[PDB]
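Each chain is listed here by its residues.
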Amino acid sequence: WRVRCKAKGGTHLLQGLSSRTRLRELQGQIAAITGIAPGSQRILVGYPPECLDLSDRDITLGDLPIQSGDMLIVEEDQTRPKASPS
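The scheme used for residues numbers each chain from 1 in its written sequence order. That scheme is not guaranteed to match the entry numbering, and residues without coordinates are omitted from view. Only heavy atoms go into the side-chain values, all of them from the structure, while hydrogens and water stay out.

Structure determination for this PDB entry was carried out by solution NMR, as recorded in the header.

Next comes the structure, spelled out in structure tokens:
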């Protein structure tokens, strides 16, 4: 799943994502790609999102509205554990 992460600086193409990729794997890659900590980003999709609360950690993309090449709007709330430039 070559998912289109809409974030700061523009789109970011996240490969490696399988259908059964968990929350901590997904938002974990996002924290490495666009640098947005899992608490500063929310899972919003291109089609009208219901502002879904990810109330788990092992929860997969098959349960979540992540699709193959979908527009995931990764926001930046700014306030995140900033102690490193990388």
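That was the structure; now back to the text.
**Overview of the environment of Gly69**
Selection rule: Under the scheme used here, helices are H or I runs from DSSP no shorter than 4 residues and strands are E runs no shorter than 2 residues, and both carry numbers assigned from the N terminus. Partly exposed describes any residue whose relative accessible area lies between the buried limit of under 20% and the exposed limit of over 50%, with all areas from a 1.4 Å probe on protein chains only and scaled to the type maximum. The contact definition used throughout considers only heavy atoms, calling two residues in contact when any of these lie within 4.5 Å.
When you line up the elements, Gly69 lands in the loop between β3 (44-45) and β4 (71-73). Take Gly69: its relative accessible area is 27%, and that puts it in the partly exposed class. The residues touching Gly69, leaving out its near neighbours within four places in the chain, are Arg2, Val3 and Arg4.

**Examining empty space enclosed by the protein**
The cut-off we apply is this: Put plainly, a pocket is an open set of points on a 1 Å grid over the protein atoms alone with protein on both sides within 12 Å along at least five of seven lines, a cavity is a set where a 1.4 Å probe fits but cannot get out, and a lining residue has an atom within 4 Å of a point. Grid points are joined across faces, edges and corners, and a volume is the space filled by probe spheres set on the points.
Overall, the coordinates contain 1 cavity of 30 Å³ or more when judged by the stated rule. Estimates place the volume of the largest cavity at around 50 Å³. Together, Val3, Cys5, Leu14, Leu17, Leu26, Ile30, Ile43 and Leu72 line the largest cavity. Elements supplying a minimum of two residues to the lining of the largest cavity: β1 (3-7) and α1 (23-33).

**Points about the state of the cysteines**
Between two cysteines, a covalent bond joining their sulfur atoms is known as a disulfide. Definition in use: The criterion for a disulfide is a pair of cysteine sulfur atoms lying within 2.5 Å.
Counted under the stated rule, the structure contains 0 disulfides. Between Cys5, a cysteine without a disulfide, and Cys51, which holds the nearest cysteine sulfur, the sulfur-to-sulfur distance is 17 Å.

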